[PDB]
Amino acid sequence: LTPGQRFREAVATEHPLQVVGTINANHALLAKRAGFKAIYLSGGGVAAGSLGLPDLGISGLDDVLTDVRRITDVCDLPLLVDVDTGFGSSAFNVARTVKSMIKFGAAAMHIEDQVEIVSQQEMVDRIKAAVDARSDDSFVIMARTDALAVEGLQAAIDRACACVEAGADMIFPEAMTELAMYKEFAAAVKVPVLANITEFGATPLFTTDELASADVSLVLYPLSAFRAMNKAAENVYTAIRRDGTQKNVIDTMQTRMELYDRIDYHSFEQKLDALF
Amino acid sequence: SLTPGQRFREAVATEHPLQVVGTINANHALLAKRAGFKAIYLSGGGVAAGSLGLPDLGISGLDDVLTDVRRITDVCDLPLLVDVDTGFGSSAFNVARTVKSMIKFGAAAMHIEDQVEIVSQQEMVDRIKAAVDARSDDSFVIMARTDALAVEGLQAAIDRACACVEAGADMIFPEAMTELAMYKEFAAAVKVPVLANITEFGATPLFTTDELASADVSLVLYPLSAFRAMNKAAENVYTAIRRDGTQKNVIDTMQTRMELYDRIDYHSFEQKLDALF
Amino acid sequence: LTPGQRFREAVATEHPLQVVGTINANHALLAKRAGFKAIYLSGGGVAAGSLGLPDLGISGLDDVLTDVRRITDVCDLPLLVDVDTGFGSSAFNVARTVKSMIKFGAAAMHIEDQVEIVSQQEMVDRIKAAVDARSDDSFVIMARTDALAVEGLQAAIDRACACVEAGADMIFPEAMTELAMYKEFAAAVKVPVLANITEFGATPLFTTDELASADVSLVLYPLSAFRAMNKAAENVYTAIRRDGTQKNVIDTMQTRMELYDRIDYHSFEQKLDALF
Amino acid sequence: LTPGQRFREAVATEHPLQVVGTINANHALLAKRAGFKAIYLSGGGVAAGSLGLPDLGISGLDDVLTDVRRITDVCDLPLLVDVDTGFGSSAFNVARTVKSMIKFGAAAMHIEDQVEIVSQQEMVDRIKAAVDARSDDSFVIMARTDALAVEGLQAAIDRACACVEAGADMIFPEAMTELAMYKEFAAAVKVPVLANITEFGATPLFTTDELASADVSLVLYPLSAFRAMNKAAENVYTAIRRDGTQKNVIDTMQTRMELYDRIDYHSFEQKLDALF
Ligand SMILES: [Mg+2]
Ligand SMILES: [Mg+2]
Ligand SMILES: [Mg+2]
Ligand SMILES: [Mg+2]
């Protein structure tokens with residue numbers, strides 16, 4: 001099965017499909033162990049986590065591809081990738097982004113209508129460029145739109161429907177904060193709709209049962225694990241500096257035995273003995 | 001201003017012992033700097049297990065490590081000590097490429113070890129000579145890591161360590177040293193700064209900076225401590241989301257958006273544009 | 001079709017199949033236009049051409065994979081890649097080499113018995129490692145042996161046969177100076193044999209006709225294009241420094257117009273009209 | 001000496017300083033052997049040589065940095081690098097480009113006012129962002145303008161003068177074709193002026209004496225060696241396909257002995273015997 005096929009199979013069998021952000025290869029394997037069928041490479045995560053930069057379009061295609069290759073070399077879960085507006089203003093840049101994502105093992109990408117937004121025609125054209133570039137048609141192109149906050153609900157639908165006619169497989173509407181609005185949007189666009197349930201934003205923490213009731217097909221948790229990981233790391237750094245030892249934070253740590261199980265350390269001995 | 005190696009030497013000169021914390025990525029390098037550490041570390045076990053999701057069995061290569069060196073040192077000015085395993089290839093040419101690359105990508109220090117079981121004292125000394133000869137900035141620190149204590153005993157470790165120092169090694173990292181009296185004897189004999197590796201769940205006890213200072217240890221390394229806690233916290237988030245169909249029961253464990261914006265200096269970007277424009 | 005299927009297809013339908021060294025993406029397009037069915041990434045070429053270094057094992061997996069991705073992103077000819085001894089002494093290292101070459105678009109690789117050579121079992125163990133790692137069985141694993149130089153022709157046949165047993169798809173014996181030796185080697189091993197025909201070596205400059213009558217399946221020209229490129233470049237630099245102008249060497253230059261045709265500049269314009 | 005100090009020194013001791021295109025690390029060493037004091041990484045050559053792509057802004061920062069690192073790892077001549085418009089539209093992208101070029105060991109970069117061209121103030125903003133990001137003031141920021149061809153000679157001089165006020169160290173006027181105009185321009189802008197003497201374009205093949213008389217401080221041969229290298233390689237591919245052997249083109253090849261001398265093969269044994 002190709003990555004795109006695994007992504008489409010996951011959307012078809014989980015309602016809605018939980019897609020969890022994985023900041024690195026290690027966390028991709030934790031997400032797999034936890035039972036998730038699909039994982040996410042957050043652009044904000046590549047910026048804030050891998051580069052220690054804010055999410056202001058400083059991160060480019062090479063930075064993201066490094067994290068895509070690391071993740072997909074060890075974890076076979078389908079990876080949805082944030083590619084912002086396509087890493088360059090030209091149809092040729094969007095095309096290079098698509099071909100690179102497919103070669104480095106991504107399952108899907110979302111591309112957004114950020115330049116305020118571009119015209120329905122100009123968003124339609126980024127999608128057409130992406131669909132044309134695609135060498136494996138199972139690879140999923142998800143249109144991300146911030147049209148609800150700028151033009152109103154019907155404009156959001158119109159634009160999403162134009163992206164679908166352009167060959168977008170799924171829709172990611174931004175800044176949508178009522179279940180009743182998701183249900184109307186989902187009926188009007190037809191294709192799978194993703195609900196972005198991040199923390200500390202305008203959206204309520206909608207449950208999978210609530211989103212299922214509103215006919216939402218995907219639920220994304222873009223940075224959740226990253227946020228808990230940073231609080232836990234800061235706690236260790238504070239304690240080592242304050243106490244001159246890690247004695248008082250040992251109880252917060254993954255054990256060496258747990259780490260050896262999560263990266264399948266003993267499968268490597270078991271491979272040596274099978275071959276030789 | 002100072003070179004990375006100069007900052008590493010100044011840190012060792014002004015902190016007794018110098019706490020050096022593992023930073024799995026650029027974000028955690030900034031957290032360590034905020035916590036007040038003067039030096040940071042790029043664990044090769046952490047590049048393998050964290051960046052690659054692989055065991056620490058020499059699968060990870062120079063290019064995996066250099067990616068993480070460049071990410072960290074592009075945004076964090078703290079001196080970065082880098083695990084380079086045995087130099088990423090058996091040849092003096094391979095050791096030289098590693099050294100010139102670490103320096104070009106902005107590393108302050110590397111440790112290179114005598115693992116294969118250890119190689120002969122002569123082969124370890126040759127590794128150190130190749131590293132020293134390749135060094136283009138003399139301030140860059142070459143730290144010799146030896147497992148000679150476990151394989152051949154204390155006196156053999158001392159002799160191997162002194163031969164590495166005669167070969168130009170700036171600092172020594174003895175592995176498997178489990179008693180304070182052994183640190184004190186070793187430090188008195190080798191003369192150059194000694195690093196104590198205080199990792200968790202191993203045979204080494206969790207010695208405090210006070211204890212290590214009394215044993216005349218110059219550096220204490222906490223190589224995967226933050227990473228270990230990061231992984232348990234991420235696993236607890238994944239488990240809760242899967243079970244509950246929401247992250248409701250793990251919101252309390254999370255760094256806030258406002259906290260994150262503060263730790264990556266989000267508002268310095270607005271203020272840079274104000275200054276230019 | 002997969003790159004490996006395309007490479008086996010080429011061996012099967014050209015006798016012997018000519019495989020030319022392509023030092024960069026530009027020269028891979030020139031080789032495709034010149035009508036070749038297969039191309040080659042020389043490890044000596046990555047070293048001397050991409051890194052400006054001697055072929056002394058300084059170049060490693062990431063140097064080669066950069067050149068693989070550059071070539072395979074724009075040229076669809078099956079690419080045979082020189083991977084030395086596997087870029088690390090462990091079966092884990094050989095596994096990561098195989099999996100990365102498949103991922104980054106390579107069609108085949110050769111792996112050799114250099115340490116003087118390793119024992120037959122130690123060479124069998126590399127091949128079993130590579131074969132076990134192969135995600136796509138169409139991907140070609142070519143065993144390269146220097147056993148004829150060290151242990152005589154009967155050893156060379158024996159080692160080759162033991163590599164074929166281990167799942168090596170094709171054999172690359174090193175430096176045969178007589179067609180009779182090649183004819184015997186081909187008949188003993190059964191699987192396709194590769195004749196390395198480099199310049200300024202001990203080997204004669206055998207023709208496709210000669211090697212076809214010795215039952216040789218591939219013929220490699222590893223650095224031919226590169227050696228002519230370097231003399232031409234050196235001639236340009238010498239003239240510019242001597243003359244204070246390039247006037248007297250413009251006659252040896254590919255024109256702008258030819259370059260534009262060789263990198264299909266105008267097809268990028270014909271994509272802008274067909275898409276928008 | 002830092003790389004930027006080496007470029008600055010070369011400009012003050014050669015009138016005009018010849019700067020030649022080097023497509024790869026091998027050709028940077030050929031340039032050094034030729035006695036050039038400075039070398040150039042063409043953006044068009046990264047695209048056409050390294051990627052086999054047209055020069056339409058498909059190439060990005062990571063493609064360029066790979067070649068910068070390869071060249072500056074073996075060759076100590078100051079490298080001038082083409083960074084297009086800075087690889088992203090924001091001050092932060094330009095700042096990342098500058099810091100990367102300095103870290104990977106580039107001596108200088110040229111950044112251009114292309115979009116048609118941006119406003120004088122938008123170009124000044126690019127230069128201020130690059131100057132502000134510079135950690136090593138010895139690193140040379142050269143402003144490239146196509147103002148002459150859009151707005152005329154006085155416009156181009158005013159723009160070049162505003163870029164100098166913003167900390168631009170040198171100026172690269174595009175599509176300038178009369179020595180008289182070079183001479184006027186050089187007198188007006190005061191800082192060193194580069195003349196781009198590429199083949200098969202509008203500009204005459206002006207000599208170093210001719211450019212010196214016009215008070216031009218640098219002359220660039222951006223792709224000269226690469227054009228010769230492509231024609232040479234193609235001739236090898238055609239001859240191998242037709243003849244079924246490279247025998248009839250051996251005389252156009254750098255010999256093995258010459259290759260080993262140009263990559264200093266024997267300095268590696270001599271390094272070994274000195275060390276151990
Ligand atoms: Mg994003
Ligand atoms: Mg280690
Ligand atoms: Mg080779
Ligand atoms: Mg250019």
# chains A, B, ... in the order shown; residues from 1 in each chain; ligands from 1

call {"tool": "closest_atom_pairs", "arguments": {"of": "chain D", "to": "chain B", "cutoff": "9 Å", "atoms": "only C-alpha atoms", "output": "JSON lines"}}
result
{"residue": "D:73", "atom": "CA", "partner": "B:100", "partner_atom": "CA", "distance": 8.3}
{"residue": "D:91", "atom": "CA", "partner": "B:273", "partner_atom": "CA", "distance": 7.4}
{"residue": "D:92", "atom": "CA", "partner": "B:269", "partner_atom": "CA", "distance": 8.1}
{"residue": "D:96", "atom": "CA", "partner": "B:74", "partner_atom": "CA", "distance": 8.9}
{"residue": "D:99", "atom": "CA", "partner": "B:74", "partner_atom": "CA", "distance": 8.1}
{"residue": "D:100", "atom": "CA", "partner": "B:74", "partner_atom": "CA", "distance": 8.3}
{"residue": "D:103", "atom": "CA", "partner": "B:104", "partner_atom": "CA", "distance": 6.6}
{"residue": "D:104", "atom": "CA", "partner": "B:104", "partner_atom": "CA", "distance": 6.6}
{"residue": "D:105", "atom": "CA", "partner": "B:104", "partner_atom": "CA", "distance": 7.6}
{"residue": "D:125", "atom": "CA", "partner": "B:277", "partner_atom": "CA", "distance": 7.3}
{"residue": "D:128", "atom": "CA", "partner": "B:276", "partner_atom": "CA", "distance": 6.8}
{"residue": "D:129", "atom": "CA", "partner": "B:276", "partner_atom": "CA", "distance": 7.0}
{"residue": "D:132", "atom": "CA", "partner": "B:276", "partner_atom": "CA", "distance": 7.9}
{"residue": "D:268", "atom": "CA", "partner": "B:93", "partner_atom": "CA", "distance": 8.1}
{"residue": "D:272", "atom": "CA", "partner": "B:92", "partner_atom": "CA", "distance": 7.7}
{"residue": "D:275", "atom": "CA", "partner": "B:130", "partner_atom": "CA", "distance": 7.1}
{"residue": "D:276", "atom": "CA", "partner": "B:126", "partner_atom": "CA", "distance": 7.0}

call {"tool": "residues_near_ligand", "arguments": {"ligand": "ligand 1", "cutoff": "7 Å", "atoms": "only C-alpha atoms and all ligand atoms", "output": "PDB file with N, CA and C atoms, in the first residue's frame"}}
result
ATOM      1  N   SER A  42       3.529  19.091  11.571  1.00  0.00           N
ATOM      2  CA  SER A  42       3.137  20.495  11.797  1.00  0.00           C
ATOM      3  C   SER A  42       4.231  21.456  11.280  1.00  0.00           C
ATOM      4  N   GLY A  43       3.875  22.468  10.496  1.00  0.00           N
ATOM      5  CA  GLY A  43       4.832  23.516  10.061  1.00  0.00           C
ATOM      6  C   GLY A  43       5.332  24.338  11.237  1.00  0.00           C
ATOM      7  N   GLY A  44       4.414  24.734  12.121  1.00  0.00           N
ATOM      8  CA  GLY A  44       4.747  25.428  13.374  1.00  0.00           C
ATOM      9  C   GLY A  44       5.698  24.592  14.222  1.00  0.00           C
ATOM     10  N   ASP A  82       2.294  19.633   6.543  1.00  0.00           N
ATOM     11  CA  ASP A  82       1.993  21.063   6.392  1.00  0.00           C
ATOM     12  C   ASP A  82       2.999  21.633   5.395  1.00  0.00           C
ATOM     13  N   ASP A  84       2.486  24.784   4.023  1.00  0.00           N
ATOM     14  CA  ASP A  84       2.207  26.252   4.035  1.00  0.00           C
ATOM     15  C   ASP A  84       1.555  26.594   2.686  1.00  0.00           C
TER      16      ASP A  84
END

call {"tool": "closest_residue", "arguments": {"among": "A:266, A:37, A:256, A:27", "to": "residue 236 (chain B)", "atoms": "only C-alpha atoms"}}
result
A:27

call {"tool": "residues_around", "arguments": {"residues": "residue 49 (chain C)", "least_positions_apart": "3", "cutoff": "7 Å", "atoms": "only C-alpha atoms", "output": "list in words"}}
result
residues 23, 45, 46 and 52 of chain C; 24, 25 and 26 of chain D

call {"tool": "interface_residues", "arguments": {"of": "chain D", "to": "chain C", "cutoff": "6 Å", "atoms": "only C-alpha atoms", "output": "list in words"}}
result
residues 24, 25, 26, 34, 49, 50, 51, 52, 53, 54, 70, 207, 208, 225, 227, 228, 229, 231, 232, 233, 236, 238, 244, 245, 252, 253, 254, 263 and 265 of chain D

call {"tool": "residues_around", "arguments": {"residues": "residue 137 (chain A)", "least_positions_apart": "6", "cutoff": "10 Å", "atoms": "only C-alpha atoms", "output": "number ranges by chain"}}
result
A: 4-5, 131

call {"tool": "write_last_selection", "arguments": {"atoms": "N, CA, C and O atoms", "output": "compact mmCIF listing (two decimals), in the first residue's frame"}}
result
# COMPACT_ATOMS: atom_id res chain seq x y z
N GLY A 4 -0.22 7.35 0.53
CA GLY A 4 -1.53 7.91 0.17
C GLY A 4 -2.63 6.87 0.33
O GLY A 4 -3.67 7.20 0.83
N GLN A 5 -2.39 5.63 -0.09
CA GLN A 5 -3.43 4.59 0.07
C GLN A 5 -3.68 4.35 1.55
O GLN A 5 -4.81 4.27 1.94
N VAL A 131 -2.03 19.15 -8.15
CA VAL A 131 -2.69 17.95 -8.74
C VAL A 131 -1.91 17.51 -9.98
O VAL A 131 -1.62 16.32 -10.08

call {"tool": "residues_near_ligand", "arguments": {"ligand": "ligand 2", "cutoff": "7 Å", "atoms": "only C-alpha atoms and all ligand atoms", "output": "list in words"}}
result
residues 43, 44, 45, 83 and 85 of chain B

call {"tool": "write_last_selection", "arguments": {"atoms": "C-alpha atoms", "output": "JSON list (two decimals), in the first residue's frame"}}
result
[["chain", "number", "residue", "atom", "x", "y", "z"],
["B", 43, "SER", "CA", 23.93, 13.10, 22.47],
["B", 44, "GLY", "CA", 24.57, 10.58, 19.66],
["B", 45, "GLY", "CA", 22.12, 8.24, 21.43],
["B", 83, "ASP", "CA", 29.15, 13.18, 20.43],
["B", 85, "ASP", "CA", 31.20, 8.34, 18.22]]

call {"tool": "residues_around", "arguments": {"residues": "residue 170 (chain D)", "least_positions_apart": "2", "cutoff": "7 Å", "atoms": "only C-alpha atoms", "output": "PyMOL selection string"}}
result
chain D and resi 141-143+168+191-193

call {"tool": "select_by_dssp", "arguments": {"residues": "region 117-174 of chain C", "states": "alpha helix (DSSP H)", "output": "MDAnalysis selection string"}}
result
chainID C and resid 120:133 147:166

call {"tool": "residues_around", "arguments": {"residues": "residue 182 (chain A)", "least_positions_apart": "5", "cutoff": "9 Å", "atoms": "only C-alpha atoms", "output": "ChimeraX atom specification"}}
result
/A:176-177,187,193,195,211,214-216

call {"tool": "select_by_dssp", "arguments": {"residues": "region 215-273 of chain D", "states": "strand (DSSP E or B)", "output": "list in words"}}
result
residues 218, 219, 220 and 221 of chain D

call {"tool": "residues_around", "arguments": {"residues": "residue 165 (chain C)", "least_positions_apart": "4", "cutoff": "10 Å", "atoms": "only C-alpha atoms", "output": "VMD selection string"}}
result
chain C and resid 124 127 to 128 159 to 161 169

call {"tool": "atom_distance", "arguments": {"atom1": "CA of residue 120 (chain D)", "atom2": "CA of residue 93 (chain A)"}}
result
26.6 Å

call {"tool": "closest_residue", "arguments": {"among": "C:78, C:152, C:88, C:222", "to": "ligand 3", "atoms": "only C-alpha atoms and all ligand atoms"}}
result
C:222

call {"tool": "decode", "arguments": {"residues": "region 190-227 of chain B", "atoms": "N, CA and C atoms", "output": "PDB file, in the first residue's frame"}}
result
ATOM      1  N   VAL B 190      45.397  13.044  35.426  1.00  0.00           N
ATOM      2  CA  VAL B 190      45.352  13.415  33.984  1.00  0.00           C
ATOM      3  C   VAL B 190      45.528  14.918  33.827  1.00  0.00           C
ATOM      4  N   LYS B 191      45.216  15.683  34.870  1.00  0.00           N
ATOM      5  CA  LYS B 191      45.541  17.137  34.971  1.00  0.00           C
ATOM      6  C   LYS B 191      44.490  17.987  34.236  1.00  0.00           C
ATOM      7  N   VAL B 192      44.137  17.634  33.006  1.00  0.00           N
ATOM      8  CA  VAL B 192      43.168  18.394  32.166  1.00  0.00           C
ATOM      9  C   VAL B 192      41.752  18.183  32.703  1.00  0.00           C
ATOM     10  N   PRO B 193      40.789  19.007  32.257  1.00  0.00           N
ATOM     11  CA  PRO B 193      39.423  18.900  32.778  1.00  0.00           C
ATOM     12  C   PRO B 193      38.826  17.510  32.493  1.00  0.00           C
ATOM     13  N   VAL B 194      38.200  16.962  33.517  1.00  0.00           N
ATOM     14  CA  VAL B 194      37.532  15.635  33.488  1.00  0.00           C
ATOM     15  C   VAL B 194      36.012  15.838  33.485  1.00  0.00           C
ATOM     16  N   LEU B 195      35.312  15.161  32.565  1.00  0.00           N
ATOM     17  CA  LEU B 195      33.836  15.150  32.503  1.00  0.00           C
ATOM     18  C   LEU B 195      33.340  13.866  33.194  1.00  0.00           C
ATOM     19  N   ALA B 196      32.329  14.041  34.039  1.00  0.00           N
ATOM     20  CA  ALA B 196      31.564  12.958  34.695  1.00  0.00           C
ATOM     21  C   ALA B 196      30.236  12.876  33.955  1.00  0.00           C
ATOM     22  N   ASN B 197      29.933  11.709  33.425  1.00  0.00           N
ATOM     23  CA  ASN B 197      28.677  11.492  32.684  1.00  0.00           C
ATOM     24  C   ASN B 197      27.657  10.946  33.674  1.00  0.00           C
ATOM     25  N   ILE B 198      26.718  11.785  34.074  1.00  0.00           N
ATOM     26  CA  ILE B 198      25.722  11.385  35.086  1.00  0.00           C
ATOM     27  C   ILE B 198      24.404  11.109  34.364  1.00  0.00           C
ATOM     28  N   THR B 199      24.353   9.999  33.663  1.00  0.00           N
ATOM     29  CA  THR B 199      23.087   9.610  33.006  1.00  0.00           C
ATOM     30  C   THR B 199      22.236   8.815  33.999  1.00  0.00           C
ATOM     31  N   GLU B 200      20.952   8.669  33.709  1.00  0.00           N
ATOM     32  CA  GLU B 200      20.032   7.951  34.612  1.00  0.00           C
ATOM     33  C   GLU B 200      19.942   6.488  34.200  1.00  0.00           C
ATOM     34  N   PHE B 201      19.529   5.668  35.161  1.00  0.00           N
ATOM     35  CA  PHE B 201      19.234   4.225  35.000  1.00  0.00           C
ATOM     36  C   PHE B 201      20.473   3.401  34.644  1.00  0.00           C
ATOM     37  N   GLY B 202      21.670   3.877  34.956  1.00  0.00           N
ATOM     38  CA  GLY B 202      22.921   3.162  34.654  1.00  0.00           C
ATOM     39  C   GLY B 202      23.646   2.788  35.931  1.00  0.00           C
ATOM     40  N   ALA B 203      24.912   2.401  35.838  1.00  0.00           N
ATOM     41  CA  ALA B 203      25.634   1.973  37.050  1.00  0.00           C
ATOM     42  C   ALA B 203      26.204   3.187  37.793  1.00  0.00           C
ATOM     43  N   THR B 204      26.294   4.319  37.100  1.00  0.00           N
ATOM     44  CA  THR B 204      26.844   5.532  37.754  1.00  0.00           C
ATOM     45  C   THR B 204      25.813   6.076  38.747  1.00  0.00           C
ATOM     46  N   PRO B 205      26.211   6.484  39.966  1.00  0.00           N
ATOM     47  CA  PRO B 205      25.242   7.028  40.884  1.00  0.00           C
ATOM     48  C   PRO B 205      24.910   8.466  40.458  1.00  0.00           C
ATOM     49  N   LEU B 206      23.757   8.969  40.891  1.00  0.00           N
ATOM     50  CA  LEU B 206      23.364  10.374  40.634  1.00  0.00           C
ATOM     51  C   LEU B 206      24.151  11.300  41.575  1.00  0.00           C
ATOM     52  N   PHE B 207      25.416  11.510  41.274  1.00  0.00           N
ATOM     53  CA  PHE B 207      26.311  12.378  42.050  1.00  0.00           C
ATOM     54  C   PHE B 207      25.867  13.813  41.810  1.00  0.00           C
ATOM     55  N   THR B 208      25.946  14.613  42.858  1.00  0.00           N
ATOM     56  CA  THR B 208      25.568  16.038  42.800  1.00  0.00           C
ATOM     57  C   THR B 208      26.777  16.852  42.334  1.00  0.00           C
ATOM     58  N   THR B 209      26.534  18.089  41.914  1.00  0.00           N
ATOM     59  CA  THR B 209      27.633  19.014  41.556  1.00  0.00           C
ATOM     60  C   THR B 209      28.555  19.216  42.770  1.00  0.00           C
ATOM     61  N   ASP B 210      28.009  19.308  43.984  1.00  0.00           N
ATOM     62  CA  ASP B 210      28.832  19.450  45.220  1.00  0.00           C
ATOM     63  C   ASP B 210      29.790  18.244  45.337  1.00  0.00           C
ATOM     64  N   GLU B 211      29.257  17.020  45.252  1.00  0.00           N
ATOM     65  CA  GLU B 211      30.074  15.789  45.358  1.00  0.00           C
ATOM     66  C   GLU B 211      31.165  15.836  44.290  1.00  0.00           C
ATOM     67  N   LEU B 212      30.775  16.156  43.068  1.00  0.00           N
ATOM     68  CA  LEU B 212      31.734  16.096  41.940  1.00  0.00           C
ATOM     69  C   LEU B 212      32.799  17.172  42.098  1.00  0.00           C
ATOM     70  N   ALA B 213      32.412  18.323  42.608  1.00  0.00           N
ATOM     71  CA  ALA B 213      33.376  19.414  42.870  1.00  0.00           C
ATOM     72  C   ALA B 213      34.450  18.941  43.863  1.00  0.00           C
ATOM     73  N   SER B 214      34.046  18.220  44.889  1.00  0.00           N
ATOM     74  CA  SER B 214      34.971  17.677  45.898  1.00  0.00           C
ATOM     75  C   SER B 214      35.882  16.607  45.276  1.00  0.00           C
ATOM     76  N   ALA B 215      35.458  15.959  44.195  1.00  0.00           N
ATOM     77  CA  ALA B 215      36.303  14.948  43.487  1.00  0.00           C
ATOM     78  C   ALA B 215      37.158  15.592  42.371  1.00  0.00           C
ATOM     79  N   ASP B 216      37.125  16.917  42.248  1.00  0.00           N
ATOM     80  CA  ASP B 216      37.910  17.757  41.309  1.00  0.00           C
ATOM     81  C   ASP B 216      37.500  17.479  39.840  1.00  0.00           C
ATOM     82  N   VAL B 217      36.252  17.096  39.635  1.00  0.00           N
ATOM     83  CA  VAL B 217      35.627  16.930  38.293  1.00  0.00           C
ATOM     84  C   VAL B 217      35.290  18.311  37.745  1.00  0.00           C
ATOM     85  N   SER B 218      35.625  18.573  36.488  1.00  0.00           N
ATOM     86  CA  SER B 218      35.461  19.890  35.825  1.00  0.00           C
ATOM     87  C   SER B 218      34.118  20.042  35.091  1.00  0.00           C
ATOM     88  N   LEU B 219      33.550  18.946  34.565  1.00  0.00           N
ATOM     89  CA  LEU B 219      32.266  18.994  33.808  1.00  0.00           C
ATOM     90  C   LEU B 219      31.394  17.830  34.290  1.00  0.00           C
ATOM     91  N   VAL B 220      30.097  18.091  34.371  1.00  0.00           N
ATOM     92  CA  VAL B 220      29.050  17.066  34.620  1.00  0.00           C
ATOM     93  C   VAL B 220      28.069  17.117  33.441  1.00  0.00           C
ATOM     94  N   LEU B 221      27.824  15.957  32.865  1.00  0.00           N
ATOM     95  CA  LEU B 221      26.984  15.812  31.651  1.00  0.00           C
ATOM     96  C   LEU B 221      25.684  15.114  32.050  1.00  0.00           C
ATOM     97  N   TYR B 222      24.577  15.646  31.574  1.00  0.00           N
ATOM     98  CA  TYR B 222      23.201  15.132  31.784  1.00  0.00           C
ATOM     99  C   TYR B 222      22.677  14.833  30.384  1.00  0.00           C
ATOM    100  N   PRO B 223      23.119  13.724  29.768  1.00  0.00           N
ATOM    101  CA  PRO B 223      23.013  13.591  28.316  1.00  0.00           C
ATOM    102  C   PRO B 223      21.642  13.419  27.666  1.00  0.00           C
ATOM    103  N   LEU B 224      20.679  12.761  28.330  1.00  0.00           N
ATOM    104  CA  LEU B 224      19.306  12.499  27.780  1.00  0.00           C
ATOM    105  C   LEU B 224      18.166  12.867  28.761  1.00  0.00           C
ATOM    106  N   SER B 225      18.463  13.471  29.918  1.00  0.00           N
ATOM    107  CA  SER B 225      17.529  13.779  31.023  1.00  0.00           C
ATOM    108  C   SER B 225      16.258  14.472  30.525  1.00  0.00           C
ATOM    109  N   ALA B 226      16.368  15.589  29.821  1.00  0.00           N
ATOM    110  CA  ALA B 226      15.158  16.306  29.351  1.00  0.00           C
ATOM    111  C   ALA B 226      14.370  15.436  28.347  1.00  0.00           C
ATOM    112  N   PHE B 227      15.090  14.772  27.461  1.00  0.00           N
ATOM    113  CA  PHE B 227      14.504  13.901  26.422  1.00  0.00           C
ATOM    114  C   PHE B 227      13.664  12.831  27.103  1.00  0.00           C
TER     115      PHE B 227
END
